[PDB]
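Fold and geometry: a report
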Amino acid sequence: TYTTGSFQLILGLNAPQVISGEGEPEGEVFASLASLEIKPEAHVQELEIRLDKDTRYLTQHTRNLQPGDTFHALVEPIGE
Amino acid sequence: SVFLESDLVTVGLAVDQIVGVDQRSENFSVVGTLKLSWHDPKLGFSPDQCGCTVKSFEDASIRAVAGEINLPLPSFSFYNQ
Amino acid sequence: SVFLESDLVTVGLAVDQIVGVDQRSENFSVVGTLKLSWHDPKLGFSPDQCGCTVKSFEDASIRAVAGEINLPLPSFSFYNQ
């Protein structure tokens, strides 16, 4: 099977200490994220919420966002 | 108000079943539910430090919670327990 | 999916023996087995830090394990215990 999780990536250029895994950042950058040249698809969800007398505060958690993505939201009351 | 005031508490109790009566030792047993409610600004908190709207304590008496959070709370007891 | 969803839990229960019925106090006793199962990526680990494929906890309730590992777990209770 495949695997899932978070990772840390260290890249070096003519820096032989990187293969030890302990290279501290130095010098001027040379590589960048490739995805920042492009864009993907859209996901939309709609939910109905009610604020009772004792439940006037509500919070919701969102999934992780990759770098360069965008987030939008809007709320419209049912009535008055 | 110049003078300090007493905190107001709402109480309610319901009886579900009478499960026994002892006629020689003069005692009875009952099953039911109890509910208390009060308002105290000293227990308030800000959501941005925990990301939650409800803070809960479980499997503890009022005295234990009051001792843990170092604030006075309305503890109670059954008189003829 | 856009927002946070719910974790799916599989449950099963079996009854081995009815060991008593109280007709005045209206209660009964039963012996059986309970099983739960769910999937949560937050509990996943990497084998190379322990050299094992199974991580186990023994003689503890779900609440105790959740408090020890600081992760939400599906605790349960018997309603009429």
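Before any of the text, the structure's been laid out above.
Residues numbered from 1 in each chain as written, not as in the entry; some residues may be left out. Chains lettered and ligands numbered in written order. Part of a larger assembly, values for the part shown. Heavy atoms only, no water. Residues with missing side-chain atoms left out of burial classes, pairs and counts.

1. Details of the overall build of chain B
Put simply, the test is: Secondary structure elements are taken from DSSP: a helix is a run of H or I of four residues or more, a strand is a run of E of two residues or more, and numbering for both begins at the N terminus. Here the globule rule reads 2.2 Å times residues to the power 0.38, and the radius of gyration is calculated from C-alpha atoms. Only heavy atoms matter for contacts: two residues are in contact if any of them lie within 4.5 Å across the pair.
Within chain B one finds 1 helix and 2 strands. Here chain B has a C-alpha radius of gyration of 18 Å; the compact-globule value for 81 residues is 12 Å, and the former is much larger. C-alpha extents for chain B along the principal axes are approximately 55 × 35 × 20 Å. A separation of at least 24 residues holds for 36% of the contacts in chain B among residues at least 6 apart in sequence.

2. What about the overall build of chain A?
A count of helices and strands for chain A gives 0 helices and 0 strands. A compact globule built from 80 residues should have a C-alpha radius of gyration of about 12 Å, whereas chain A, at 22 Å, is more than 25% larger. Each of the three principal axes of chain A carries a C-alpha extent, and together these read 65 × 35 × 30 Å.

3. Observations concerning the interface of chain C and chain A
Spelled out, the test is: Side-chain classes are defined by residue name, with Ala, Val, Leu, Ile, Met, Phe, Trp, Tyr, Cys and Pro counting as nonpolar, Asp, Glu, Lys and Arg as charged, and the others, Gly among them, as polar.
Contact with chain C, which involves 4 residues of that partner, is made by 6 residues of chain A. Classifying every residue of the side of chain C that touches chain A gives 3 nonpolar, 1 polar and no charged.

4. Concerning a nonpolar patch on the surface
Residue and element names in this part refer to chain B. To be explicit about the condition: Surface patches are defined over residues having more than 30% relative accessible area and no salt bridge, joining like charges when they lie within 9 Å and nonpolar side chains (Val, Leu, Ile, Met, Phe, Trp, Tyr) when within 5 Å. Using a 1.4 Å probe, accessible areas were evaluated by the Shrake-Rupley method; residue-level cover was limited to the displayed protein chains. The salt bridge definition used is simple: a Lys or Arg side-chain nitrogen within 4 Å of an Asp or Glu carboxyl oxygen.
The grouping of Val11, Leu13, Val15, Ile18, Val21, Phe28, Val30, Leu34, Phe76 and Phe78 at the surface amounts to a nonpolar patch, some 1100 Å² of accessible area in total. Sorting the residues of the nonpolar patch by element identifies β1 (9-22) and β2 (27-38) as the ones contributing at least two each. The greatest single-element share of the nonpolar patch, amounting to 5 residues, is contributed by β1. Position of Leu13 among the secondary structure elements: in strand β1.

5. Notes on the pairing of β2(B)
How we decide: Strand pairing is assigned whenever DSSP identifies at least 2 bridges connecting the two strands.
With 12 bridges joining them, β1(B) and β2(B) adopt antiparallel strand pairing. In the sheet register, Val11(B) faces β2(B), and the bridge partner there is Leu36(B).

6. Observations concerning the pattern of salt bridges
The criterion, for reference: Here's how the labels work: a residue is buried when its accessible area is under 20% of the maximum for its type, exposed when over 50%, partly exposed in between, all with a 1.4 Å probe on protein chains only.
Tallied over the full model, the rule gives 3 salt bridges over all chains. With a shortest N-O distance of 3.6 Å, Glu58(B) and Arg63(C) are connected by a salt bridge. With one member in each of two chains, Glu58(B) in the loop between β2 and α1 (62-69) and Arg63(C) in helix α1 (residues 62-69) form a pair that bridges those chains. Look at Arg63(C) and you get partly exposed, because its relative accessible area is 36%. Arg63(C) is paired through a salt bridge with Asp59(B); the nearest N and O atoms lie 3.9 Å apart. On the criterion of chain membership, the pair formed by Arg63(C) in helix α1 and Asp59(B) in the loop between β2 and α1 is interchain, its members lying in two chains. In this structure, a network of salt bridges that share partners links the residues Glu58(B), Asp59(B) and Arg63(C).

7. Topic: the state of the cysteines
Residue and element names in this part refer to chain B. Keep this limit in mind: The disulfide criterion is simple: two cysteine sulfur atoms within 2.5 Å.
Going through the model one piece at a time under the given rule, you end up with 0 disulfides over all chains. Considering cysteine sulfurs only, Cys52 is the nearest to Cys50, which forms no disulfide, with 4.9 Å between them. Take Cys50: its relative accessible area is 41%, and that puts it in the partly exposed class.

8. Some words on the pairing of strand β1 (residues 9-22) of chain C
Burial within β1(C) is sparse, with just 0 of its 14 residues counted as buried. Hairpin geometry of β1(C) and strand β2 (residues 27-38) of chain C is characterised by an intervening segment of 4 residues between the two adjacent antiparallel strands and by a positive phi of about 60° at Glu26(C).

9. Side note on unusual backbone geometry
Residues and elements named next belong to chain B. The backbone of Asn70 shows a phi angle near 55°, a positive value even though the residue is not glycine. As for its position among the elements, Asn70 is in the segment after α1. Looking at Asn70, the relative accessible area reads 66%, which means it is exposed.

10. Some words on the environment of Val2(B)
Residues and elements named next belong to chain B. Inspection of the secondary structure puts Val2 in the segment before β1. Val2 gets classed as exposed once you look at its relative accessible area, which sits at 83%. Separated by 35 residues in sequence, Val2 and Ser37 have C-alpha atoms that sit 25 Å apart.

In short, the description is geometric, and any link to function would need to be established separately.
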